[PDB]
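Chemist: The data below comprise the sequence and an experimental structure of the protein.
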Amino acid sequence: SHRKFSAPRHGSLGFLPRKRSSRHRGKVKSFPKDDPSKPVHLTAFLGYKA
Amino acid sequence: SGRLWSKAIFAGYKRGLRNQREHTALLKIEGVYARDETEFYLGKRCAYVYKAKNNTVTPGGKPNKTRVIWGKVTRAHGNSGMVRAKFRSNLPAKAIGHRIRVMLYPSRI
Amino acid sequence: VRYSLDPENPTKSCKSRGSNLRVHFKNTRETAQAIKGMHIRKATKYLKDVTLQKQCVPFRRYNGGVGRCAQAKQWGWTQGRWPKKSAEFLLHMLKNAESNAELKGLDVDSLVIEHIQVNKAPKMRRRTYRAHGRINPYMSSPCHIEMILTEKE
Amino acid sequence: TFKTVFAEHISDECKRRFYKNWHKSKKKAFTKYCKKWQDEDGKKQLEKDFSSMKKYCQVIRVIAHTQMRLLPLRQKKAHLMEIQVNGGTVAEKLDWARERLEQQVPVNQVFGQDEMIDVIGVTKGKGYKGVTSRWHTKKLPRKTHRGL
Amino acid sequence: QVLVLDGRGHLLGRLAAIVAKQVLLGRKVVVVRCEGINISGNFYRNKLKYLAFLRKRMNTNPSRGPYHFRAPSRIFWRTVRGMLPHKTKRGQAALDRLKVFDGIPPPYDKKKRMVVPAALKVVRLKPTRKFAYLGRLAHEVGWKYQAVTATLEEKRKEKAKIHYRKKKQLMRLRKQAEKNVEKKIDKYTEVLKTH
Amino acid sequence: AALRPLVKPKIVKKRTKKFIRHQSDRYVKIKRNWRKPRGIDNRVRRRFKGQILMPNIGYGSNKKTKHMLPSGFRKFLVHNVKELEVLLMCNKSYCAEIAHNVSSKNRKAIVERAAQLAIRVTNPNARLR
RNA sequence: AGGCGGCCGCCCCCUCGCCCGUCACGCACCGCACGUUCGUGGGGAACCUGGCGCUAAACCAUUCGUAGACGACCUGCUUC
RNA sequence: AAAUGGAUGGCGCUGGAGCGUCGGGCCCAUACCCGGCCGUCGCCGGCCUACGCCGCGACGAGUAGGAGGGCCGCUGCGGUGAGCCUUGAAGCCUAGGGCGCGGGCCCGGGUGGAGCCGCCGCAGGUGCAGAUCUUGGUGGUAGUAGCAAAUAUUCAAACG
Ligand SMILES: [Mg+2]
Ligand SMILES: [Mg+2]
Ligand SMILES: [Mg+2]
Ligand SMILES: [Mg+2]
Ligand SMILES: [Mg+2]
Ligand SMILES: [Mg+2]
Ligand SMILES: [Mg+2]
Ligand SMILES: [Mg+2]
Ligand SMILES: [Mg+2]
Ligand SMILES: [Mg+2]
Ligand SMILES: [Mg+2]
Ligand SMILES: [Mg+2]
Ligand SMILES: [Mg+2]
Ligand SMILES: [Mg+2]
Ligand SMILES: [Mg+2]
Ligand SMILES: [Mg+2]
Ligand SMILES: [Mg+2]
Ligand SMILES: [Mg+2]
Ligand SMILES: [Mg+2]
Ligand SMILES: [Mg+2]
Ligand SMILES: [Mg+2]
Ligand SMILES: [Mg+2]
Ligand SMILES: [Mg+2]
């Protein structure tokens, strides 16, 4: 009680559901917000690490 | 043609907080919202109507799935027009929120 | 000796019995539930494929501590195991049932297994040696096996 | 998801993505759909969709895939994606997409040099490992019975 | 059969009480426009109470325990859960009878909508008291869908304004017709017996 | 439609449950026979509601209608012809019933003599050829 | 969270598609309940029927190793 | 101002569902009243098993404890039932039919293969949930832990 030497706690609790992903292709959680001012473009690609 | 019975919804048993009294029932009956209004409905009869997969009837023509438990109105209950009722056999308690016919039987006008 | 489930007619039915044969009761029950209700040629192909492990037998009731296999998804279940010895004894009992169909003179092709049953038998006791000089028994659990087969129409 | 429209022709890489066992499969994915593109009565029901798609939608995402014929991999299945078009109004976004159906999109057409661009993937596999290698916790000293 | 209730200017606890008693008897009730429910009290205390309610959680596994809904329809639904006996297999059928919808669905765009008078702000609150907006509260706390619901509500109010002019046109035509003649054979009997 | 005895009223039984022993559901080394629970803590003796009901003198049946079959007779067991002929005087209230260890050869003679004397036998057609 | 709502032109019939009035029968089942209903309700097994079409996909066995304690996961297996 | 996240019971509640003063209705306990039924007690009544029969009225909780009754039950003994049974007794099972408030019992159905019971008296080693009870058997745990000290086997053939 009162651990007498406060340590920074290991790991991060924000990444807690550590899990094999349901998909091995990495899906995009969110694309950036559009504006009607810019001309038409894309925002993503697939790639292969070499 | 036409409906002769008034509509009433089975609200529950006469009860205290803890224990019930299963030989009597309560009826919230539509169109009635006052102690003074629930005076016309005394002495009337009530009937519960349901289905069963055996084939048994009364003189209503031919064998049906339909079974009926009879009973009649005893007295008023509270200020909100709710009505106590006693049936010949006690309720199945499946019928909380299912419509019990109140017939125009013993009319006393 | 009698049988559970006196069949619908003994004219089209043949039967077989096994008394006090050294197997495991739980493995034989779980393979009997795999066999039961299947045609006899499929059952013979199945119990030839069990001993070569190309196709498994699901465990349903006695599922304690039994690991997974990929082959269990034919049975809609996730746990499987390949009992050799139970499959061998039940193959021998199916061959005896085939020979009794041959003796009664039936249509040898279109048999199905209408009824099968496995129940425990009077077990035999050996002993081991556990620590602090203690004895603990070491007992088998053999089974009796009934099967009643009927012609398909 | 409002409704999905695929192109007039679909290559074997995408069909191999839709199937599991290409050796067992009879290739029958997307024949009647291409026949709907082909016939004229199909086009009338097909051109009604792009009229509706202009009207209601905010977001249009474009489905594309990789060419596995160029890569030295063994995989031969094209991966599919959704790629949200963050251009202007829905009308010119849909005109852009229908103008560039069944075309190749180079990387130089979308990205540019010196552009700070984020990467999303899946990490390495190291298998079911223990506490000290997962959470970088500290080892107990030597004298511990039942584990360090 | 279906009691389609409006939500502008109702009170949370009062409307929950009346819906919770009506739902146990069988009349299938649907609460529409949940974002416009007013909560009595100052809304700083209302966000303080709901924020402390967010603080209330299990420390051992937050997946098992107090689910804190953020959508206002689900807020009202949790309030009715707290008033129906849901652990019994009576109240579970009651909650399955109850439906709730933030925004307005397409059946309920056109189905007529009732208003409970015993739960109105106009009836209950002495006018110098402060109130709340559950839409304001939900937008402050985690419900990220105000900007969609506002747009859809503007759209459907625009459509209702185009329907009401048509209905008022029909009523102008029928009162022009009743300004015309030869209905008066029946109207003496009708006025004698309550036109 | 056999003999139709004298006036027997609408019998009331006050409970038809043959009261069960406490915690006889939880075990099978407790048979179903009633036995007074004499524990120092036992809820049945303390008469908490929602527990089982102890039999006592209040549940007793009417002395007019004690030991009444639903047919309307009071039962009386019989072994042979003389003990059947004791009911020659009072047949309209007291029915006869042949004991279980009476053989069929004497059983048919008993039921025939009872059919002559017009005495109700509640199990007349069992154990025949 | 849309399948109901409406318009128009054609099609075989109704000019009682509603009120007031004349006229006479229809089961009048002889005092009695579970009657009328949205129902040509909802779901499943099959049986004869005309018309319109369709001729698959998983899982195992195998192979891979970007993945694996076992499962699970990524993959390959066209006669060029 | 206190350590897990929480308690006017909760939801909530503000022209009250808060505080204080009150009213009129309304809800209900085994309390009260009325009526039925059982038993105890008392007061009797009849020259109808007089140890039976009715009648009246007041009352009924309960551990330690004490009496009374039991046509409750187990085993045996004298008496008795012109008792019962190889045309099937004892015992056992029974989603069968009933009785008693119960102790328990009676019959039906099926197994079963040679003895069994009622009543009046009499005599007991006479009624089970427990005692870390005794003896015998079988479960869950479970087809799990475990078949790991001292390096090590492989191919072909034979008999089967
Ligand atoms: Mg997202
Ligand atoms: Mg395991
Ligand atoms: Mg050892
Ligand atoms: Mg030793
Ligand atoms: Mg690895
Ligand atoms: Mg040590
Ligand atoms: Mg105590
Ligand atoms: Mg509070
Ligand atoms: Mg007492
Ligand atoms: Mg013998
Ligand atoms: Mg006896
Ligand atoms: Mg006996
Ligand atoms: Mg003795
Ligand atoms: Mg003793
Ligand atoms: Mg014992
Ligand atoms: Mg004891
Ligand atoms: Mg012990
Ligand atoms: Mg023991
Ligand atoms: Mg054991
Ligand atoms: Mg292990
Ligand atoms: Mg092991
Ligand atoms: Mg060793
Ligand atoms: Mg050999």
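Modeler: Perfect, I can see it now. Numbers count the residues shown, from 1 in each chain, chains lettered A, B, ... in the order given. Ligands and ions are numbered 1, 2, ... in the order given.

Chemist: got the residues of chain F near RNA strand G?
Modeler: By Cβ under 7 Å from any atom of the strand, no part of chain F sits against RNA strand G. (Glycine included, C-beta is placed from N, CA and C.)

Chemist: mind checking the longest helix of chain F?
Modeler: Scanning chain F for the helix with the most residues, using DSSP state H, yields helix F:104-117.

Chemist: and the helix or strand hosting residue E:172, what other elements does it pack with?
Modeler: Using DSSP states H and E, the element containing residue E:172 is helix E:146-179. With contacts taken as 3 or more Cβ pairs under 8 Å, 6 or more residues apart in numbering or on different chains; DSSP states H and E, helix E:146-179 sits against helix E:134-140.

Chemist: starting at the chain centroid, how far to the helix it packs on?
Modeler: Distance of helix E:134-140 from its chain centroid, counting by Cα atoms, centre = their mean, to the nearest Å, is 16 Å.

Chemist: What would that helix look like as CSV? C-alpha coordinates only.
Modeler: Only the C-alpha atoms of helix E:134-140 are listed here, as CSV (Å, rounded to 0.1, in the frame of the first residue of the first chain):
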residue,chain,number,x,y,z
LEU,E,134,-31.5,16.2,-24.2
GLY,E,135,-30.2,16.9,-27.7
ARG,E,136,-27.8,19.4,-26.2
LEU,E,137,-26.8,17.0,-23.4
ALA,E,138,-26.3,14.1,-25.9
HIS,E,139,-24.2,16.3,-28.2
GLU,E,140,-22.0,17.3,-25.3
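
Chemist: show me the contacts for residue A:3.
Modeler: Counting by Cβ atoms under 8 Å, 6 or more residues apart in numbering or on different chains, residue A:3 makes contact with nothing.

Chemist: quick one: it from chain B, how far?
Modeler: Going from residue A:3 to chain B by Cβ to the nearest Cβ, to the nearest Å gives 50 Å.

Chemist: and what of residue E:66?
Modeler: In terms of Cβ to the nearest Cβ, residue E:66 sits 28 Å off from chain B.

Chemist: Residue D:82 falls within a strand, correct?
Modeler: Yes. When DSSP: H, G, I helix; E, B strand; the rest coil is applied, residue D:82 is found to be in a strand.

Chemist: if I pick it, what's in contact with it?
Modeler: Residue D:82 touches A:28, D:61, D:62, D:63, counting by Cβ under 8 Å, 6+ apart.

Chemist: can you rerun that using 10 Å?
Modeler: When contacts are counted by Cβ atoms under 10 Å, 6 or more residues apart in numbering or on different chains, residue D:82 touches A:27, A:28, A:31, A:44, D:1, D:59, D:60, D:61, D:62, D:63, D:64.

Chemist: Next: residue B:58.
Modeler: By Cβ under 10 Å, 6+ apart, the contact list for residue B:58 reads B:64, B:66, B:67, B:68.

Chemist: Does the closest residue to chain B within chain F belong to a helix, a strand or coil?
Modeler: Relative to chain B, the nearest point of chain F is residue F:49 (6.8 Å; Cβ to the nearest Cβ). At residue F:49 the chain is in coil, as set by three-state DSSP.

Chemist: ok, for it, nearest residue in space, not its chain neighbours?
Modeler: Of all residues not flanking residue F:49 in the chain, residue B:19 sits nearest, at 6.8 Å (Cβ to Cβ, 6 or more residues apart in numbering or on different chains).

Chemist: what's the neighbour count on the one you found?
Modeler: By other Cβ atoms under 10 Å in any protein chain shown, 9 other residues sit near residue B:19.

Chemist: where along chain C do the strands fall?
Modeler: Taking DSSP state E as the criterion, chain C carries its strands at C:13-21, C:57-58, C:80-81, C:111-120, C:125-130, C:134-139, C:143-151.

Chemist: If you could redo that for chain E, that was the one I meant.
Modeler: E:2-5, E:28-32, E:99-101.

Chemist: now those strands in TSV, with distance to RNA strand H and mean neighbour count?
Modeler: What follows is the strands of chain E, written out as TSV (distance: least, Cβ to the nearest atom of the strand, whole Å; neighbours: other Cβ atoms under 10 Å in any protein chain shown):
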stretch	distance to RNA strand H	mean neighbour count
strand E:2-5	15	17
strand E:28-32	14	21
strand E:99-101	14	18
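
Chemist: Columns distance to chain B on top of those, output as JSON lines?
Modeler: Below are the strands of chain E laid out as JSON lines (distance: least, Cβ to the nearest Cβ, whole Å):
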{"stretch": "strand E:2-5", "distance to chain B": "13"}
{"stretch": "strand E:28-32", "distance to chain B": "11"}
{"stretch": "strand E:99-101", "distance to chain B": "16"}
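
Chemist: right, and those - which one's nearest residue E:190?
Modeler: strand E:2-5 (32.1 Å; Cβ to Cβ).

Chemist: quick revisit: pick the most buried one from the strands of chain C.
Modeler: Ranked by mean neighbour count, the strands of chain C are led by strand C:57-58 with a mean of 24 (mean count of other Cβ atoms under 10 Å in any protein chain shown).

Chemist: contacting residues for the closest residue to residue B:106 other than its chain neighbours?
Modeler: Nearest residue to residue B:106, sequence neighbours excluded (Cβ to Cβ, 6+ apart): residue B:43, at 5.0 Å. Contacts here follow Cβ under 10 Å, 6+ apart; on that basis residue B:43 touches B:72, B:73, B:74, B:75, B:105, B:106, B:107, B:108.

Chemist: Now with 7 Å, please.
Modeler: B:73, B:106, B:108 (Cβ atoms under 7 Å, 6 or more residues apart in numbering or on different chains).

Chemist: ok, how many other residues are close to the first one?
Modeler: Yep, that's residue B:73 we're talking about. Neighbours of residue B:73 using other Cβ under 10 Å come to 22.

Chemist: Over to the residue nearest to residue D:126 when sequence neighbours are not counted. Which of the three states is it?
Modeler: Closest residue to residue D:126 apart from its sequence neighbours, by Cβ to Cβ, 6+ apart: residue D:133 at 7.6 Å. Counting by three-state DSSP, the backbone at residue D:133 sits in helix.

Chemist: and if you look at residue D:96?
Modeler: Strictly by three-state DSSP, residue D:96 counts as helix.

Chemist: can you tell me the residue of chain B closest to ligand 1?
Modeler: Of all residues in chain B, residue B:97 sits closest to ligand 1, at 41.5 Å by Cβ to the ion.

Chemist: Could you report the separation of the residue nearest to residue D:126 from ligand 1?
Modeler: From residue D:133 over to ligand 1 the distance is 31 Å, taken as Cβ to the ion, to the nearest Å.

Chemist: can you check residue F:109 too?
Modeler: 95 Å.

Chemist: again with residue A:24
Modeler: Counting by Cβ to the ion, the gap from residue A:24 to ligand 1 is 19 Å.
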